[PDB]
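> Quick one, data_31.cif (mmCIF, C-alpha atoms):
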```cif
data_run
loop_
_atom_site.label_atom_id
_atom_site.label_comp_id
_atom_site.auth_asym_id
_atom_site.auth_seq_id
_atom_site.Cartn_x
_atom_site.Cartn_y
_atom_site.Cartn_z
CA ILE C 1211 176.46 131.81 51.00
CA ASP C 1212 179.53 129.90 52.16
CA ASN C 1213 179.59 128.56 48.59
CA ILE C 1214 178.54 131.83 46.88
CA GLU C 1215 180.90 133.92 49.02
CA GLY C 1216 183.70 131.40 48.37
CA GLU C 1217 183.02 131.38 44.60
CA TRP C 1218 182.72 135.18 44.61
CA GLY C 1219 185.95 135.64 46.58
CA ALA C 1220 187.56 133.10 44.26
CA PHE C 1221 186.13 135.10 41.33
CA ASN C 1222 187.57 138.32 42.81
CA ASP C 1223 191.00 136.75 43.55
CA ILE C 1224 191.26 134.94 40.19
CA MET C 1225 189.88 138.08 38.45
CA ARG C 1226 192.54 140.24 40.11
CA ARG C 1227 195.39 137.85 39.25
CA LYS C 1228 194.15 137.82 35.65
CA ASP C 1229 194.14 141.64 35.92
CA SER C 1230 197.78 141.37 37.02
CA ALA C 1231 198.47 138.94 34.17
CA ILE C 1232 196.87 141.49 31.82
CA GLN C 1233 199.13 144.17 33.39
CA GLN C 1234 202.08 141.91 32.58
CA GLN C 1235 200.87 140.97 29.10
CA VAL C 1236 200.22 144.54 27.84
CA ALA C 1237 203.99 144.73 27.13
CA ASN C 1238 204.18 141.38 25.25
CA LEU C 1239 201.00 142.00 23.34
CA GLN C 1240 201.95 145.69 22.85
CA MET C 1241 204.87 144.56 20.72
CA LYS C 1242 202.39 142.12 19.17
CA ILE C 1243 200.20 145.23 18.44
CA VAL C 1244 203.36 146.56 16.72
CA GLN C 1245 203.94 143.18 14.94
CA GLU C 1246 200.36 142.78 13.71
CA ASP C 1247 200.22 146.52 12.89
CA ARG C 1248 203.09 146.50 10.40
CA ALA C 1249 201.94 143.04 9.25
CA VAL C 1250 198.51 144.51 8.37
CA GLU C 1251 200.31 147.56 6.87
CA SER C 1252 202.64 145.43 4.68
CA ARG C 1253 199.83 143.07 3.60
CA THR C 1254 197.62 146.16 3.10
CA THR C 1255 200.17 147.69 0.69
CA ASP C 1256 200.65 144.32 -1.06
CA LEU C 1257 196.93 143.70 -1.52
CA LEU C 1258 196.26 147.32 -2.61
CA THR C 1259 198.97 146.92 -5.28
CA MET M 1 208.82 137.25 15.39
CA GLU M 2 211.73 135.64 17.22
CA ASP M 3 213.40 138.58 19.00
CA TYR M 4 210.16 139.65 20.72
CA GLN M 5 209.73 136.33 22.52
CA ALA M 6 213.49 136.43 23.09
CA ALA M 7 212.82 139.72 24.90
CA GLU M 8 210.03 137.90 26.76
CA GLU M 9 212.49 135.15 27.79
CA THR M 10 215.15 137.60 29.05
CA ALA M 11 213.43 140.40 31.02
CA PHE M 12 211.54 139.79 34.26
CA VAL M 13 208.08 138.86 33.06
CA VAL M 14 206.40 139.88 36.31
CA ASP M 15 203.14 137.94 36.53
CA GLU M 16 203.77 134.60 34.82
CA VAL M 17 205.48 134.21 38.20
CA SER M 18 201.96 134.92 39.54
CA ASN M 19 200.71 131.94 37.49
CA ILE M 20 203.47 129.86 39.14
CA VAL M 21 202.38 131.28 42.55
CA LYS M 22 198.69 130.35 42.03
CA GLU M 23 199.62 126.86 40.78
CA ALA M 24 201.90 126.45 43.83
CA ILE M 25 199.19 127.68 46.24
CA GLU M 26 196.41 125.63 44.61
CA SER M 27 198.67 122.55 44.61
CA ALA M 28 199.78 122.96 48.23
CA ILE M 29 196.99 124.40 50.37
CA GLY M 30 193.83 123.79 48.39
CA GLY M 31 190.60 124.47 50.23
CA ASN M 32 191.77 123.07 53.56
CA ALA M 33 191.15 124.79 56.88
CA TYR M 34 193.69 126.12 59.33
CA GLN M 35 195.43 123.32 61.15
CA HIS M 36 198.84 124.53 62.27
CA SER M 37 200.74 121.24 61.75
CA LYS M 38 200.25 121.43 57.97
CA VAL M 39 201.16 125.15 57.68
CA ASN M 40 204.91 124.41 57.58
CA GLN M 41 204.26 121.86 54.79
CA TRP M 42 202.06 124.41 52.98
CA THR M 43 204.63 127.27 53.18
CA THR M 44 207.47 124.90 52.18
CA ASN M 45 205.41 123.44 49.32
CA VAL M 46 204.40 126.89 47.90
CA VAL M 47 208.04 128.08 48.09
CA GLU M 48 209.48 124.82 46.63
CA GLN M 49 206.89 124.66 43.82
CA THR M 50 207.48 128.33 42.98
CA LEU M 51 211.24 127.64 42.87
CA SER M 52 210.44 124.52 40.83
CA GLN M 53 208.68 126.26 37.94
CA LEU M 54 210.70 129.50 37.97
CA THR M 55 213.74 127.32 37.21
CA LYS M 56 211.98 125.73 34.22
CA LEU M 57 211.39 129.09 32.53
CA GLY M 58 215.03 129.09 31.42
CA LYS M 59 215.51 132.76 32.33
CA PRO M 60 218.89 133.93 33.77
CA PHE M 61 217.71 135.28 37.12
CA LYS M 62 218.29 134.95 40.82
CA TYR M 63 214.93 134.21 42.40
CA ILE M 64 213.74 135.00 45.93
CA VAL M 65 210.41 133.50 47.05
CA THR M 66 208.87 134.54 50.38
CA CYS M 67 205.51 133.37 51.72
CA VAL M 68 203.43 134.50 54.71
CA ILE M 69 200.44 132.37 55.70
CA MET M 70 198.01 133.72 58.33
CA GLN M 71 195.22 132.30 60.51
CA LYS M 72 191.91 134.19 60.36
CA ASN M 73 191.33 134.87 64.07
CA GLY M 74 190.77 138.64 63.86
CA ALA M 75 194.43 139.42 63.45
CA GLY M 76 194.98 141.51 60.36
CA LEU M 77 197.74 141.15 57.85
CA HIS M 78 200.31 143.70 56.74
CA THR M 79 203.61 143.09 54.91
CA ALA M 80 205.97 145.33 52.93
CA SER M 81 208.88 144.97 50.52
CA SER M 82 211.06 147.64 48.97
CA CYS M 83 214.32 146.47 47.47
CA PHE M 84 217.49 147.52 45.67
CA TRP M 85 217.96 146.22 42.10
CA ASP M 86 218.57 147.51 38.57
CA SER M 87 215.16 148.84 37.56
CA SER M 88 215.03 148.10 33.81
CA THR M 89 215.73 144.38 34.27
CA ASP M 90 214.25 143.36 37.61
CA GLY M 91 210.85 143.59 39.28
CA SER M 92 208.57 142.23 41.99
CA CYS M 93 205.54 139.96 42.08
CA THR M 94 203.32 139.97 45.18
CA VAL M 95 200.02 138.04 45.31
CA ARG M 96 197.52 138.19 48.18
CA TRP M 97 195.18 135.23 48.77
CA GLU M 98 192.55 134.14 51.28
CA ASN M 99 189.73 131.70 51.97
CA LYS M 100 187.21 131.42 54.82
CA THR M 101 189.86 130.25 57.30
CA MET M 102 193.33 131.36 56.13
CA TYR M 103 195.22 134.30 54.65
CA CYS M 104 198.20 134.14 52.30
CA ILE M 105 200.71 136.60 50.83
CA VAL M 106 203.44 135.31 48.51
CA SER M 107 206.07 137.84 47.41
CA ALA M 108 208.35 136.69 44.58
CA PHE M 109 211.36 138.34 42.94
CA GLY M 110 213.79 137.94 40.05
CA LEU M 111 217.29 139.42 40.01
CA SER M 112 219.36 139.41 36.84
CA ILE M 113 222.91 138.11 36.53
CA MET X 1 247.08 138.17 50.78
CA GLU X 2 244.93 140.81 49.08
CA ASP X 3 242.42 138.23 47.79
CA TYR X 4 241.25 137.40 51.34
CA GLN X 5 240.56 141.09 52.08
CA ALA X 6 238.84 141.43 48.69
CA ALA X 7 236.68 138.40 49.55
CA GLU X 8 235.87 139.85 52.98
CA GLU X 9 234.89 143.19 51.42
CA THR X 10 232.11 141.58 49.33
CA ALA X 11 230.97 138.78 51.65
CA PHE X 12 227.50 138.67 53.19
CA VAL X 13 228.05 138.64 56.96
CA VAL X 14 224.69 137.74 58.51
CA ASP X 15 225.45 139.36 61.89
CA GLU X 16 226.10 142.91 60.57
CA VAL X 17 222.86 142.74 58.55
CA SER X 18 221.05 141.43 61.66
CA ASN X 19 222.43 144.34 63.73
CA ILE X 20 221.21 146.75 61.00
CA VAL X 21 217.79 145.02 61.28
CA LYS X 22 217.90 145.41 65.13
CA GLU X 23 218.78 149.12 64.88
CA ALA X 24 216.07 149.73 62.24
CA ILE X 25 213.43 147.86 64.30
CA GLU X 26 214.37 149.68 67.52
CA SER X 27 214.61 153.00 65.65
CA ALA X 28 211.19 152.79 63.99
CA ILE X 29 209.11 150.60 66.32
CA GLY X 30 210.58 151.10 69.76
CA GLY X 31 208.34 149.41 72.27
CA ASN X 32 205.04 151.08 71.42
CA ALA X 33 201.81 149.05 71.22
CA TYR X 34 200.04 147.92 68.01
CA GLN X 35 198.34 150.78 66.17
CA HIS X 36 197.42 149.50 62.72
CA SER X 37 197.60 152.93 61.06
CA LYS X 38 201.18 153.10 62.34
CA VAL X 39 202.02 149.56 61.08
CA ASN X 40 202.26 150.92 57.51
CA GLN X 41 204.89 153.52 58.43
CA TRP X 42 206.63 151.03 60.76
CA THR X 43 207.04 148.58 57.86
CA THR X 44 207.97 151.52 55.57
CA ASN X 45 210.58 152.89 57.99
CA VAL X 46 212.11 149.48 58.89
CA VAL X 47 212.50 148.61 55.16
CA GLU X 48 213.76 152.13 54.31
CA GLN X 49 216.17 152.28 57.28
CA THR X 50 217.47 148.77 56.49
CA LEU X 51 217.90 149.74 52.82
CA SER X 52 219.63 152.95 53.96
CA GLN X 53 222.09 151.27 56.33
CA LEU X 54 222.74 148.38 53.93
CA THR X 55 223.62 150.75 51.07
CA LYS X 56 226.13 152.60 53.28
CA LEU X 57 228.36 149.49 53.29
CA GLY X 58 229.59 149.96 49.72
CA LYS X 59 229.56 146.19 49.05
CA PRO X 60 228.55 145.09 45.50
CA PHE X 61 225.16 143.65 46.42
CA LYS X 62 221.55 143.83 45.37
CA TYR X 63 219.47 144.01 48.54
CA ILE X 64 215.92 142.78 49.23
CA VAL X 65 214.23 143.62 52.54
CA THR X 66 210.80 142.16 53.39
CA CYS X 67 209.12 142.96 56.71
CA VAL X 68 206.20 141.39 58.62
CA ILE X 69 204.70 143.18 61.66
CA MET X 70 201.93 141.46 63.59
CA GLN X 71 199.66 141.91 66.62
CA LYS X 72 199.48 139.18 69.27
CA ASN X 73 195.89 137.95 69.03
CA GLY X 74 196.47 134.22 69.41
CA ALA X 75 196.74 133.87 65.62
CA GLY X 76 199.30 131.74 63.90
CA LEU X 77 202.25 132.79 61.83
CA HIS X 78 204.58 131.07 59.46
CA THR X 79 207.01 132.87 57.17
CA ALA X 80 209.21 130.87 54.80
CA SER X 81 212.01 131.97 52.49
CA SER X 82 214.03 129.70 50.26
CA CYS X 83 215.70 131.44 47.36
CA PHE X 84 217.90 130.80 44.33
CA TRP X 85 221.34 132.38 44.42
CA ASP X 86 225.07 131.73 44.04
CA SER X 87 225.92 130.04 47.34
CA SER X 88 229.57 131.18 47.49
CA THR X 89 228.83 134.92 47.76
CA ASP X 90 225.17 135.42 48.62
CA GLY X 91 223.25 134.97 51.85
CA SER X 92 220.19 135.94 53.83
CA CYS X 93 219.12 137.16 57.25
CA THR X 94 215.77 136.51 58.94
CA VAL X 95 215.19 138.04 62.37
CA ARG X 96 212.35 137.39 64.81
CA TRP X 97 211.51 140.32 67.09
CA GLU X 98 208.70 140.75 69.58
CA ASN X 99 207.42 143.01 72.36
CA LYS X 100 204.30 142.83 74.55
CA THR X 101 201.76 143.49 71.79
CA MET X 102 203.37 142.52 68.55
CA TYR X 103 205.57 140.15 66.51
CA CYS X 104 208.06 141.61 64.03
CA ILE X 105 209.76 139.46 61.40
CA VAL X 106 212.26 141.02 58.98
CA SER X 107 213.82 138.95 56.18
CA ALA X 108 216.87 140.66 54.69
CA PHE X 109 218.70 139.41 51.61
CA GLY X 110 221.92 140.28 49.82
CA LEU X 111 222.77 138.93 46.39
CA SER X 112 226.01 139.71 44.56
CA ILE X 113 225.92 140.86 40.96
#
```
Mind converting the file's structure to structure tokens?

Amino acid sequence: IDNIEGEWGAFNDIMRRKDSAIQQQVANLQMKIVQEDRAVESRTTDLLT
Amino acid sequence: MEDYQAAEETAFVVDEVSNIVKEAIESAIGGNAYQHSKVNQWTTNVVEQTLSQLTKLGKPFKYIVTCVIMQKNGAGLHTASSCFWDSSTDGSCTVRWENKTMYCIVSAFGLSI
Amino acid sequence: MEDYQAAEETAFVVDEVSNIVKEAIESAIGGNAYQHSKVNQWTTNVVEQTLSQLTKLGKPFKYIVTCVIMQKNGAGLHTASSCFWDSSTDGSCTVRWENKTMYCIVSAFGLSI
């Protein structure tokens, strides 16, 4: 429980810094939502035509 | 495709600094216990490694890296940081960290030129 | 002879910033013993009073104030701060303060734009 509590506290700490890296990367991948959105829209219009 | 990563390389990307902080902490301290003679080396190595890989991002910022490292002896850890920047460009990263024996807070900043 | 006065009006004097840190610490803390519910508003009021008295100078700076307040339990304490600035204009100020129950460390920074 030294090992399980260390792995679980490491899982909580590394999970929370990946939550913070998600909270950073929502901006970068929000303009990639915009990029892939008009990419799917342009390729949608091209493949419908 | 190019201007969006150019906007990534110019604004304060807040928590890729947190990746630099966890690589600095996991390089310096590791899973070692509290011995007080290595704490100065650990604080200096976290701060120097964080200033090492914030300078290799190529972003035009002024960086401030502070690091508080605390012995788990029943004393409990509180820090604070409010600052004075331009809000659309700058920001603050602050990562808490602990093990069985030690506490750690690293607060890291980036101030535009 | 006006360039020397213009350089003195935007320089970071460490002693004035340290006196602002002394007046903010003695304004908010005083000499009262460690109450951990009050440590939050002590850190809040020392950072807000230091940011208030630093922004009354009128100097073209961006200011960062970080504060550490800590009970004397026999636990060990290192704080480290190396940064990344222009060395001709910018500077820092780190002040150790203590009373009977508590250790107070305030790191104050001023970085020209």
> Counting only C-alpha atoms, what is within 7 Å of region 1217-1232 of chain C, bar same-chain residues fewer than 2 positions away, as a count of residues only?
9
> Between M:17, M:1, M:68, M:29, which one has atoms that come closest to residue 108 (chain M), using all atoms listed in the file?
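Smallest distance to residue 108 (chain M) is found for M:17.
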> Would you mind reading off the distance between CA of residue 20 (chain M) and CA of residue 46 (chain M), one decimal, in Å?
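Between these atoms lies a distance of 9.3 Å.
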> Compute the post-superposition RMSD of the C-alpha atoms of chain M relative to chain X, with atoms paired in order and the fit done by least squares.
1.3 Å
> What does the structure give for the distance between CA of residue 22 (chain M) and CA of residue 74 (chain M), in Å to one decimal?
24.7 Å
> Any chance you could work out the residue set of the PyMOL selection byres ((chain X and resi 110) around 6) here, as a list in words?
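Given this file, the PyMOL selection byres ((chain X and resi 110) around 6) evaluates to residues 61, 62, 63, 90, 91, 109 and 111 of chain X.
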> Could you check the closest approach to chain X for each of M:47, M:93, M:7, M:104 and tell me which residue wins, using only C-alpha atoms?
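Counting only C-alpha atoms, the residue closest to chain X is M:47.
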> Using only C-alpha atoms, determine which residues lie at most 7 Å from residue 81 (chain X), disregarding the query and same-chain residues fewer than 4 positions distant; provide the list as JSON, numbers by chain.
{"M": [65, 66, 67]}
> Give as number ranges by chain every residue of chain M that touches chain X within 8 Å, counting all atoms listed in the file.
M: 36, 39-40, 43-44, 47-48, 51, 62-85, 112-113
> Output as a PyMOL selection string the set of chain M residues within 12 Å of chain C, with distances taken over all atoms listed in the file.
chain M and resi 1-9+11-23+26+30-31+91-101+104
> Keeping only C-alpha atoms, write the selected residues as a tab-separated table (two decimals), in the coordinates of the input.

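Output file again.tsv follows:
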```tsv
chain	number	residue	atom	x	y	z
M	1	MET	CA	208.82	137.25	15.39
M	2	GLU	CA	211.73	135.64	17.22
M	3	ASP	CA	213.40	138.58	19.00
M	4	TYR	CA	210.16	139.65	20.72
M	5	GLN	CA	209.73	136.33	22.52
M	6	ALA	CA	213.49	136.43	23.09
M	7	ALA	CA	212.82	139.72	24.90
M	8	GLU	CA	210.03	137.90	26.76
M	9	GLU	CA	212.49	135.15	27.79
M	11	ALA	CA	213.43	140.40	31.02
M	12	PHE	CA	211.54	139.79	34.26
M	13	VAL	CA	208.08	138.86	33.06
M	14	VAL	CA	206.40	139.88	36.31
M	15	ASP	CA	203.14	137.94	36.53
M	16	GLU	CA	203.77	134.60	34.82
M	17	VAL	CA	205.48	134.21	38.20
M	18	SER	CA	201.96	134.92	39.54
M	19	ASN	CA	200.71	131.94	37.49
M	20	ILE	CA	203.47	129.86	39.14
M	21	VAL	CA	202.38	131.28	42.55
M	22	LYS	CA	198.69	130.35	42.03
M	23	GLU	CA	199.62	126.86	40.78
M	26	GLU	CA	196.41	125.63	44.61
M	30	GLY	CA	193.83	123.79	48.39
M	31	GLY	CA	190.60	124.47	50.23
M	91	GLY	CA	210.85	143.59	39.28
M	92	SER	CA	208.57	142.23	41.99
M	93	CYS	CA	205.54	139.96	42.08
M	94	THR	CA	203.32	139.97	45.18
M	95	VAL	CA	200.02	138.04	45.31
M	96	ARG	CA	197.52	138.19	48.18
M	97	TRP	CA	195.18	135.23	48.77
M	98	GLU	CA	192.55	134.14	51.28
M	99	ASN	CA	189.73	131.70	51.97
M	100	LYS	CA	187.21	131.42	54.82
M	101	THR	CA	189.86	130.25	57.30
M	104	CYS	CA	198.20	134.14	52.30
```
> Mind giving me the straight-line distance from CA of residue 37 (chain X) to CA of residue 103 (chain X) in Å, one decimal?
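Taking CA of residue 37 (chain X) and CA of residue 103 (chain X), their separation equals 16.0 Å.
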> Please enclose the listed atoms of region 1240-1252 of chain C in an axis-aligned box, pad each side by 4 Å, and write out the centre and the three edge lengths in Å, rounded to one decimal, as AutoDock Vina command-line options.

```
--center_x 201.7 --center_y 144.8 --center_z 13.8 --size_x 14.4 --size_y 13.4 --size_z 26.2
```
